[PDB]
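Chemist: One structure, pasted below without further comment.
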Amino acid sequence: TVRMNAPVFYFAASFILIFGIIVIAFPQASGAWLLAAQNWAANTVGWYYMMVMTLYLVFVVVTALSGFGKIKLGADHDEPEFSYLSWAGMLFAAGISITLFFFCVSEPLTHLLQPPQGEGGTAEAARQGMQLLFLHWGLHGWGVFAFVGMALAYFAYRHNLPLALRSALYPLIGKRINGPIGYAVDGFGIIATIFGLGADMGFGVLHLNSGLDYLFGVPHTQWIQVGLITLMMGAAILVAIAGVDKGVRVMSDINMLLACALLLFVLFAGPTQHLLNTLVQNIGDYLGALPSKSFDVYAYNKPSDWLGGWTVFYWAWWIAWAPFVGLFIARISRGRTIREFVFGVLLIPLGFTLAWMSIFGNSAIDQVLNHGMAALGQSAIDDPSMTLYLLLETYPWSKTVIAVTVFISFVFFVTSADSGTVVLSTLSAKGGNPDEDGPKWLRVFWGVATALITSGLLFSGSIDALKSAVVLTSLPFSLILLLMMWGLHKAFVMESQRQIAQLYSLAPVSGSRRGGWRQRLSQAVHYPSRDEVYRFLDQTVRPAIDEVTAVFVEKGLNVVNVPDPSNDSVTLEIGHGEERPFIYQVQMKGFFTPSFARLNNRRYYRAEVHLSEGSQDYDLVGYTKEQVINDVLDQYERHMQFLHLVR
Amino acid sequence: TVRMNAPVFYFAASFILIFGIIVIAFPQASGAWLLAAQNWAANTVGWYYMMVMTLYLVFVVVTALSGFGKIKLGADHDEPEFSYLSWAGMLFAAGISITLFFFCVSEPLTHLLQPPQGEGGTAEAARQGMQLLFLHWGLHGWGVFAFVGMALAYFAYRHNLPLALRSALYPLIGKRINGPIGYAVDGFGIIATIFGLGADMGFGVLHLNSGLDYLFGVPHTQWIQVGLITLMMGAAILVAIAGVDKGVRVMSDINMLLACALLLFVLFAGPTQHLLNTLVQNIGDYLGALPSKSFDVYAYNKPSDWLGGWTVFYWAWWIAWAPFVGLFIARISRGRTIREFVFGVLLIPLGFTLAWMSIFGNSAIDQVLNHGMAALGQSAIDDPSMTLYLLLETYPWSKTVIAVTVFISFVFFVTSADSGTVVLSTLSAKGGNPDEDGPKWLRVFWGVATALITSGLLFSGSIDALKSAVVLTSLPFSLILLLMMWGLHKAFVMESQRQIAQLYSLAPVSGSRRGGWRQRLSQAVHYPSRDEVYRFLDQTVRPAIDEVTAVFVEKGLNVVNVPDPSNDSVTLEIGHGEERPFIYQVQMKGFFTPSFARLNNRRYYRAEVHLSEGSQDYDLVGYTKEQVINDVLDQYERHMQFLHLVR
Amino acid sequence: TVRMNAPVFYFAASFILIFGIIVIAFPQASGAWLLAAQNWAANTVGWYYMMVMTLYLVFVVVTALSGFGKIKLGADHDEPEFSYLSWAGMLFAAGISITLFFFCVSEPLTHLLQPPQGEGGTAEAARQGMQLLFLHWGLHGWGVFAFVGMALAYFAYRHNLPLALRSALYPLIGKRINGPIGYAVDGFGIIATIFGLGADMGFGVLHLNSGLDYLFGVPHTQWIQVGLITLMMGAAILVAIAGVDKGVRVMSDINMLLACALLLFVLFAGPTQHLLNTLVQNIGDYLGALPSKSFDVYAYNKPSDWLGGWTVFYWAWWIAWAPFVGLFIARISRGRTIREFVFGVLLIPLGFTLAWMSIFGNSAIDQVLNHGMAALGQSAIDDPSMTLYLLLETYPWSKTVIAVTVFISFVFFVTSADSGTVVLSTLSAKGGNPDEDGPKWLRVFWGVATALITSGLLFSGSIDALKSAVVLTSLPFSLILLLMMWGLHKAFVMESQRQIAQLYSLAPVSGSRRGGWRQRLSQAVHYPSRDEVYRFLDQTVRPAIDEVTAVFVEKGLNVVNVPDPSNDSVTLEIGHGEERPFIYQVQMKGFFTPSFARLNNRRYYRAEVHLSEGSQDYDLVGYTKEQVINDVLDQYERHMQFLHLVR
């Protein structure tokens with residue numbers, strides 16, 4: 001039965017509430033305190049983000065390209081419960097929101113006129129600013145979602161652990177994950193999600209306010225935004241507390257067909273040929289620049305504040321969004337292998353996002369360079385939420401297309417911030433059936449808690465406060481994301497050696513022909529003592545090795561005997577001219593008696609058998625002398641077939 | 001018995017004849033109509049060629065670097081019938097002709113003085129124009145020959161299908177490939193070959209005319225070229241209709257020793273040190289620029305017509321040459337693996353071609369930059385077929401070396417356009433022994449049909465008409481080349497799972513000790529009904545599972561019984577403290593009776609056996625109760641050896 | 001018992017002695033003769049070094065990334081005798097000496113002011129000159145040590161050959177390696193080591209002389225250096241001839257903790273933030289430029305002498321150091337796999353070296369560019385051994401830190417040039433226990449022989465003579481390093497096929513149930529004649545194949561008989577509708593009788609059995625007719641389980 005998990009709820013809500021309240025009470029001081037922290041972080045912890053963001057991508061790619069990529073996330077008789085398109089659509093319509101509409105047009109126009117290095121307004125700035133757009137929305141962002149999803153699905157479907165963030169710390173601290181060390185890991189992952197989700201409603205409120213101010217005469221006042229947040233959130237709470245389908249699985253197909261029509265309209269109502277050429281140019285530029293652009297911090301230029309507003313903000317953003325998209329996509333991916341999970345997450349959404357960004361960015365670069373539109377390029381720097389409507393009003397039927405864009409962008413928010421509440425409430429609950437969600441009084445709580453965070457940062461220097469508040473609260477989660485990687489590596493090496501131990505144990509020798517299911521059963525639970533095996537080596541093994549070789553010598557063969565200095569080993573050897581000889585060596589060894597056996601025994605011995613390289617080891621305790629001679633013979637005949645094939 | 005295949009012959013010859021005739025009749029109009037189509041194609045379908053040309057290379061490399069690279073093209077007892085050098089020589093002297101001699105010197109001198117971007121005449125233009133020469137004659141061209149050859153050899157030597165182009169469409173449309181859908185695939189592949197072969201005789205006629213005009217006083221008139229085409233083709237028809245060896249296999253060794261002597265003369269009679277340095281510089285430049293130069297269309301520069309005369313022409317050229325070289329090299333490669341086929345096609349010819357191009361290009365760049373020869377650099381732009389003889393006349397014994405060059409370049413054409421006719425006639429014939437060629441009245445036809453195509457484009461703006469006619473007729477074959485890739489991928493995944501199904505079927509359990517070759521045979525063709533297995537589970541399996549466990553409990557072990565809610569499953573379980581337990585579960589399941597069994601049965605059942613992960617599944621229908629207890633025992637003893645190795 | 005190996009000792013010492021003597025006698029002529037050879041080599045054999053240095057790296061990486069990377073260097077029951085940190089420390093403190101202290105500061109300041117291309121003093125020269133420092137001290141240098149170590153460990157621990165350089169030439173020339181062809185391979189590898197070790201004491205004598213001249217008033221005269229060489233060598237001979245531990249294994253831990261404290265002091269007493277940023281910038285620059293910078297010879301620029309003093313010297317240096325570090329690290333790496341050896345050599349020392357170089361280089365670039373210190377940047381060009389003490393005297397407590405640097409740099413030399421003598425004396429000795437070193441009168445000899453080489457080049461144009469003498473004597477060893485690669489490739493392909501031949505030989509068929517250990521033994525050494533098998537095929541195999549199929553036909557199955565044209569093959573076939581049929585074909589074949597069998601037999605025959613693709617081949621000579629029918633039945637039942645799984 002799902003109920004609240006108090007040591008997580010009270011640790012997260014208490015941190016959220018007073019921050020919200022004291023940002024609501026003192027706006028002038030907080031707005032000034034945040035711009036100091038942004039400048040400090042940009043310079044002090046800029047290298048750290050760039051270093052940690054590439055480790056995740058390299059890890060997931062190397063894991064999917066190796067032998068571990070054939071491991072099924074589940075049992076061997078499990079099958080996928082969704083189709084491929086219905087899976088990819090739900091995957092895409094979870095990590096996309098109105099920020100795409102906020103950044104599609106105004107970011108390239110900013111990098112064209114104010115480059116991080118060089119003189120702007122040229123055709124080199126236009127080619128350099130379209131690589132930054134591909135870096136910020138490319139493989140680095142989608143490579144951490146796959147990491148978190150694949151780390152959560154493994155431990156939950158192959159080890160029957162709960163579906164939570166603290167489970168990946170099991171190979172390190174055992175079952176202490178149900179104490180005070182898991183309650184902090186699961187608690188630092190709600191704060192990042194709340195801040196990354198509340199910074200996304202603020203980027204949508206401005207977009208919608210500008211869209212309505214363009215059509216009607218609605219001003220940019222404060223009660224307008226206060227009443228707009230209410231409408232944006234009441235539609236997302238009432239969908240979460242009233243049903244799931246006609247929703248989570250239907251909207252994913254409804255909006256995916258709304259987006260494609262608009263993309264095709266923009267492609268076929270403009271300069272189609274130019275766009276088709278630049279789309280192919282951008283892919284080559286990105287693939288060529290990828291390995292050296294991942295570490296660029298502009299360390300030999302004059303100091304500046306460019307890195308903290310563009311490249312560090314985006315990594316903080318993706319890291320804050322990871323623990324939600326990962327836990328949502330780890331629930332619909334049962335019965336798949338690791339390789340087709342990774343290459344399925346890194347194939348379709350990446351393609352659609354890059355196509356969108358490239359078409360919408362080049363369609364505006366073409367008009368600022370070639371057709372002389374300075375009023376379009378000035379608002380991208382002054383008023384960044386009206387540039388899209390200035391570009392779209394140069395098309396046929398512009399007043400009918402803007403009204404459809406304002407409506408299409410509104411469902412992109414409701415599709416994400418309704419699985420947001422579901423995941424955020426299933427993360428704060430304890431017990432119950434694994435494939436079953438938490439109580440539906442926590443959704444109404446986590447929905448109301450996000451508007452309070454959003455409309456405290458909107459009234460404190462809207463855009464820069466939103467950008468600066470995410471870079472701080474996403475810092476303690478980057479270390480948990482490394483502990484999870486360590487644990488996953490240990491769990492992988494612990495089962496790379498479980499496949500070796502299952503092949504080597506297939507029919508080492510015969511002996512079942514001796515018969516007797518009652519005498520073979522009593523012998524299968526006995527652990528012999530030290531010199532009890534010594535009464536086996538000299539009564540059965542010694543009188544046989546010296547007896548089978550008698551027929552060998554007087555039958556044409558060269559049998560190399562040695563004096564025995566070991567008192568336990570019984571070796572036999574035969575030379576075949578120049579190539580490899582025939583080793584057959586028995587040897588006693590002792591081990592520790594297992595737990596489920598102790599009478600206090602504490603020690604036992606086994607008489608192994610070794611051969612040439614690439615063989616198996618097995619014991620003969622319980623054989624009969626006539627069965628030992630029949631074991632050295634079919635190991636010799638197996639040797640003669642080996643020698644026939646190498647030549 | 002090989003005979004004509006009318007639905008292909010009449011579909012190809014009819015398309016060829018009227019085009020030839022109406023280009024012969026109206027030269028002024030056709031010469032003007034072709035320069036419009038060239039400019040149109042260069043701009044409209046430039047991105048498409050660049051996209052499709054990289055897919056083939058990536059496909060073949062990834063296929064050869066994976067587990068599929070160990071598949072032998074033939075049966076497991078097949079052996080290669082040729083040596084390695086004799087194989088590589090025939091491979092090289094098939095896709096090389098007089099175009100090498102036409103483009104070796106005049107293309108770098110053109111890229112040095114008229115760069116696609118920058119100011120020409122410098123030492124940066126010289127370094128940039130030697131990367132284009134390596135891109136146009138490098139891995140992209142040799143990567144499609146390997147693709148077509150490996151796709152044709154697989155379906156013909158592992159599935160016993162004919163050696164034709166339509167066979168790769170078998171996994172898609174079944175045996176409808178012998179209808180109207182294969183007759184178009186095999187028909188669109190003769191037109192591309194005819195045009196790509198007729199554009200190569202025109203590049204040789206000009207070379208030879210200039211070579212004779214240098215030595216003697218032969219003008220550049222029209223009857224000279226008309227009478228020269230006759231000599232170039234009558235030597236290639238009379239070799240095809242009079243024999244094969246002293247020819248296909250001897251010329252490949254004769255000309256390979258003519259080329260090396262000339263290369264070594266040019267290397268050791270010039271500035272050897274400079275050439276040895278620049279050869280190593282060019283390799284590094286190419287390998288560094290490869291990943292980003294594959295998608296370069298110059299999309300941010302001022303519009304121009306450079307791409308349609310240089311980079312799109314070369315891809316169209318290689319695509320038009322693929323269906324001939326591929327089908328020629330798929331006939332001499334029986335008994336090899338995929339990896340040593342791909343890495344053998346991409347090793348020796350690439351090396352020789354790149355060495356030739358680099359030495360001959362740098363030897364002329366060095367003289368235009370450093371020694372001030374403007375008359376050599378002007379003819380490369382005005383008269384591009386005399387530059388080689390202007391460079392070669394600055395060497396010792398120039399009149400004796402030019403006469404040997406004119407003779408060496410003449411056999412390079414006869415070595416290729418005599419396997420051309422052989423392949424083109426074996427592609428238009430039907431039936432007969434697979435390793436056997438079509439009738440030798442079709443060679444005389446396809447040889448005469450190519451001169452008519454060549455001397456209709458020579459008299460219509462010689463060089464540009466030849467360049468423009470290949471870009472159009474090679475467009476419908478690029479899509480067939482993608483359908484073939486789809487079919488090959490399906491055929492690969494259909495047999496990746498045939499190796500799994502052959503390992504899992506090795507000795508699942510014992511039972512042959514029961515004896516009786518007549519009673520074991522009658523049982524091996526029976527398909528039991530539903531409740532007939534129910535009369536097996538309760539008479540043999542239930543009275544045994546509850547009977548073998550009796551000895552277990554009263555012998556020190558923790559045997560976990562469960563009430564049975566399934567009415568068919570009979571589960572047994574044992575705990576070993578903390579590590580993995582011992583699952584042994586039987587379960588009934590039903591399948592569809594196969595085709596070769598139906599009395600109308602239509603349905604049958606089997607009683608499988610499942611264990612822990614990584615095991616095999618098998619049925620017990622036909623066991624004896626004493627044989628079932630002896631099967632749960634040696635699966636338990638196999639479990640205890642597994643537990644001993646993990647610890 | 002270890003003793004001298006005269007054909008190597010007398011071949012090496014004789015070459016060393018007269019060179020030393022005639023360089024001591026005529027300094028003016030030799031100093032002038034060496035600067036000619038340097039300029040000649042730089043221009044004539046510059047491309048050769050660049051080509052051969054990348055082959056080693058590509059070879060080792062491709063070998064470690066493939067299936068050969070799982071081969072253990074030893075026997076399957078061998079275990080490592082050292083920990084990981086204690087192993088990596090000994091690995092690092094063998095190939096590091098005072099040259100690090102000589103080149104850490106003065107090389108970047110030289111590349112900043114005198115670039116190989118461009119204008120110096122800018123922020124582009126500073127970024128370009130920090131990539132050369134990473135190229136010269138990066139993967140290329142550590143990739144040849146791994147190659148030599150992995151080539152020496154394999155042949156010595158898996159084939160029981162001596163631990164010497166000539167053993168890798170065993171797969172080529174057999175056991176002629178104990179004649180005049182191994183005595184030259186092992187002799188050309190002492191000269192390279194002696195010269196590379198004597199050029200390292202000269203780089204330390206100057207460093208120490210400057211360090212003492214800074215503190216006290218010691219001049220730069222000649223008797224000072226003569227008396228300083230004595231002190232530098234008498235401390236290295238007395239440690240070699242008095243003990244091993246408190247030394248080889250303790251100093252490796254003592255100095256590794258001296259280095260880290262100084263690195264951390266330099267990092268935390270300067271501009272920490274700038275250094276942390278540039279450290280991350282340099283890694284990306286290096287990884288981006290690596291593939292094209294490996295072949296750069298500046299072939300399109302004006303001729304110069306830059307390449308022979310910087311990039312060719314470093315490759316000659318690493319090649320001359322390889323045969324010592326490789327043979328030292330191949331002695332402490334028993335019981336490891338190839339992959340964890342390669343990725344262990346290419347992980348820790350590379351990281352420490354690159355961190356040191358980056359911090360120490362940027363800490364001085366920052367002061368020459370940003371703080372205006374021209375007297376620091378002038379001595380880097382005039383007097384290159386005082387720049388470190390000019391940089392270090394701008395820190396707190398400079399006179400107390402310089403005195404500790406002078407002491408720390410002195411043990412870095414003694415840690416390397418005491419395993420130098422050990423390896424150099426175990427390389428000139430013959431016989432004895434493998435893991436046992438040569439006599440300790442050869443260490444006193446090889447130590448005295450190096451001072452004579454060092455103080456003949458110090459007095460002949462100190463720095464340039466040292467740089468020029470290494471480029472000449474390391475040329476004949478680069479070819480032996482290619483012969484070793486060829487031999488290693490042959491040894492790898494000779495055992496890739498030894499794993500195939502050990503899987504295919506596991507239980508081909510049954511027959512041991514026939515019983516009789518005395519009759520099964522006599523049959524296991526018989527080689528049948530030609531028509532003796534013919535009296536088996538017609539008495540046992542023919543009357544059975546035609547007898548088992550009788551039950552098949554009249555039991556509902558389609559059995560396809562064929563007339564027999566072969567007179568030896570006995571084929572059986574069954575169609576199953578459309579999918580694969582059941583082939584069971586017997587066939588006679590003859591082979592050559594092995595060596596250890598010849599009565600002169602010289603020939604014998606076997607009756608193999610073939611099936612569908614992916615099967616094993618075995619003979620039936622010695623079966624009974626009732627055992628042959630029972631073999632075709634359980635191959636048919638194994639076929640029906642295969643067909644059930646593919647569908």
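To be explicit about the labels: the chains of the structure tokens are called A, B, and onward in the order shown, and within each one the residues are counted from 1, while ligands get numbers from 1 in the order they are shown.
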With 6 Å as the limit and counting only C-alpha atoms, what residues in chain A lie close to chain C? Please list them as a PyMOL selection string.

Modeler: chain A and resi 291-292+295-296+299+642+645

Chemist: Suppose we keep C-alpha atoms; can you now write the selection as a short mmCIF file (atom, residue, chain, number, x, y, z; two decimals), in the first residue's frame?

Modeler:
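Output file out-v5.cif follows:
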data_model
loop_
_atom_site.label_atom_id
_atom_site.label_comp_id
_atom_site.auth_asym_id
_atom_site.auth_seq_id
_atom_site.Cartn_x
_atom_site.Cartn_y
_atom_site.Cartn_z
CA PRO A 291 35.90 15.94 -30.24
CA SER A 292 37.64 19.29 -29.63
CA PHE A 295 36.56 20.98 -23.76
CA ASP A 296 36.50 24.58 -25.02
CA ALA A 299 41.14 30.07 -21.76
CA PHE A 642 43.05 -32.17 -31.26
CA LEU A 645 43.20 -30.69 -36.56
#

Chemist: Enumerate as a ChimeraX atom specification all residues of stretch 285-456 of chain A assigned to alpha helix (DSSP H) by DSSP on the backbone, naming them with the chain letters and numbers the document uses.

Modeler: /A:285-293,311-329,338-345,348-370,374-382,387-392,398-416,419-426,443-456

Chemist: Mind checking which residues fall within 12 Å of residue C:344, counting only C-alpha atoms, ignoring those fewer than 2 positions away in the same chain, and posting them as a list in words?

Modeler: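 My list of contacting residues is residues 64, 84, 85, 87, 88, 89, 91, 92, 142, 143, 145, 146, 329, 333, 336, 337, 338, 339, 340, 341, 342, 346, 347, 348, 349, 350 and 351 of chain C.
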
Chemist: Find the residue from B:264, B:42, B:173, B:113 that sits nearest to residue B:297; use only C-alpha atoms when measuring.

Modeler: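 Among the listed residues, B:42 lies closest to residue B:297.
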
Chemist: From the set A:74, A:420, A:556, A:396, which residue has the shortest atom-to-atom contact distance to residue A:97, counting only C-alpha atoms?

Modeler: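 Comparing A:74, A:420, A:556, A:396 against residue A:97, the winner is A:420.
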
Chemist: Give me, please, the distance in Å between atom CA of residue B:361 and atom CA of residue C:41, quoted to one decimal.

Modeler: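 Taking atom CA of residue B:361 and atom CA of residue C:41, their separation equals 26.1 Å.
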
Chemist: Please compute the atom CA of residue B:53-atom CA of residue B:316 distance, one decimal, in Å.

Modeler: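 Straight-line distance from atom CA of residue B:53 to atom CA of residue B:316 works out to 9.7 Å.
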
Chemist: In Å to one decimal, how far is atom CA of residue A:248 from atom CA of residue A:233?

Modeler: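 Interatomic distance, atom CA of residue A:233 to atom CA of residue A:248: 16.6 Å.
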
Chemist: Quick one: residues within 10 Å of residue A:20, only C-alpha atoms counted, chain neighbours fewer than 2 positions away excluded, as a VMD selection string?

Modeler: chain A and resid 15 to 18 22 to 25 449 to 457

Chemist: Only N, CA, C and O atoms, please: the residues just picked out, written as an mmCIF file, in the first residue's frame.

Modeler:
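Okay, part-v2.cif is ready:
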data_model
loop_
_atom_site.group_PDB
_atom_site.id
_atom_site.type_symbol
_atom_site.label_atom_id
_atom_site.label_comp_id
_atom_site.auth_asym_id
_atom_site.auth_seq_id
_atom_site.Cartn_x
_atom_site.Cartn_y
_atom_site.Cartn_z
ATOM 1 N N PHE A 15 13.120 22.406 2.658
ATOM 2 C CA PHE A 15 14.080 23.184 1.887
ATOM 3 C C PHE A 15 13.383 24.069 0.864
ATOM 4 O O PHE A 15 13.819 25.199 0.626
ATOM 5 N N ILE A 16 12.309 23.575 0.251
ATOM 6 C CA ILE A 16 11.659 24.336 -0.812
ATOM 7 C C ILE A 16 10.914 25.541 -0.244
ATOM 8 O O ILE A 16 10.992 26.652 -0.789
ATOM 9 N N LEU A 17 10.181 25.344 0.853
ATOM 10 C CA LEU A 17 9.236 26.347 1.323
ATOM 11 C C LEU A 17 9.885 27.651 1.759
ATOM 12 O O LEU A 17 9.442 28.716 1.320
ATOM 13 N N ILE A 18 10.905 27.607 2.609
ATOM 14 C CA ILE A 18 11.490 28.846 3.096
ATOM 15 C C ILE A 18 12.262 29.573 2.000
ATOM 16 O O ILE A 18 12.302 30.804 1.998
ATOM 17 N N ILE A 22 11.270 33.424 1.344
ATOM 18 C CA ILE A 22 12.203 34.538 1.484
ATOM 19 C C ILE A 22 12.634 35.111 0.145
ATOM 20 O O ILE A 22 13.203 36.205 0.113
ATOM 21 N N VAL A 23 12.385 34.416 -0.962
ATOM 22 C CA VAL A 23 12.533 35.076 -2.253
ATOM 23 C C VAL A 23 11.292 35.906 -2.585
ATOM 24 O O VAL A 23 11.406 36.954 -3.229
ATOM 25 N N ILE A 24 10.111 35.479 -2.135
ATOM 26 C CA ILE A 24 8.912 36.298 -2.298
ATOM 27 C C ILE A 24 8.971 37.572 -1.464
ATOM 28 O O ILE A 24 8.485 38.619 -1.904
ATOM 29 N N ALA A 25 9.583 37.524 -0.280
ATOM 30 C CA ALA A 25 9.544 38.670 0.623
ATOM 31 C C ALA A 25 10.528 39.774 0.240
ATOM 32 O O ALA A 25 10.197 40.956 0.371
ATOM 33 N N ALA A 449 3.592 23.497 -5.393
ATOM 34 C CA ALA A 449 4.903 23.926 -4.921
ATOM 35 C C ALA A 449 5.775 24.510 -6.027
ATOM 36 O O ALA A 449 6.742 25.212 -5.722
ATOM 37 N N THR A 450 5.460 24.243 -7.296
ATOM 38 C CA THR A 450 6.302 24.715 -8.393
ATOM 39 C C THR A 450 5.928 26.120 -8.850
ATOM 40 O O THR A 450 6.802 26.881 -9.282
ATOM 41 N N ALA A 451 4.649 26.488 -8.760
ATOM 42 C CA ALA A 451 4.244 27.846 -9.103
ATOM 43 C C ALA A 451 4.842 28.859 -8.134
ATOM 44 O O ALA A 451 5.189 29.980 -8.528
ATOM 45 N N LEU A 452 4.969 28.475 -6.864
ATOM 46 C CA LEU A 452 5.588 29.341 -5.868
ATOM 47 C C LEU A 452 7.060 29.588 -6.171
ATOM 48 O O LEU A 452 7.577 30.670 -5.878
ATOM 49 N N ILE A 453 7.749 28.601 -6.737
ATOM 50 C CA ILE A 453 9.147 28.781 -7.111
ATOM 51 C C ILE A 453 9.259 29.597 -8.390
ATOM 52 O O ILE A 453 10.172 30.415 -8.540
ATOM 53 N N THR A 454 8.329 29.405 -9.327
ATOM 54 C CA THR A 454 8.393 30.117 -10.602
ATOM 55 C C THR A 454 8.109 31.606 -10.431
ATOM 56 O O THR A 454 8.850 32.455 -10.951
ATOM 57 N N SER A 455 7.032 31.943 -9.731
ATOM 58 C CA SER A 455 6.694 33.349 -9.544
ATOM 59 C C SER A 455 7.321 33.906 -8.275
ATOM 60 O O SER A 455 6.687 34.607 -7.491
ATOM 61 N N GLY A 456 8.595 33.593 -8.075
ATOM 62 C CA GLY A 456 9.445 34.308 -7.151
ATOM 63 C C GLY A 456 10.686 34.714 -7.905
ATOM 64 O O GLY A 456 11.339 35.708 -7.583
ATOM 65 N N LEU A 457 11.000 33.938 -8.939
ATOM 66 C CA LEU A 457 12.104 34.236 -9.836
ATOM 67 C C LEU A 457 11.677 35.064 -11.036
ATOM 68 O O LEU A 457 12.518 35.753 -11.618
#

Chemist: If we count only C-alpha atoms and set the cut-off at 12 Å, which residues sit around residue A:328, ignoring sequence neighbours fewer than 2 positions away in its own chain? Please answer as a PyMOL selection string.

Modeler: chain A and resi 87+90-95+145-146+148-150+152-153+163-164+248+321-326+330-333+416+418-424+426-427+435+437
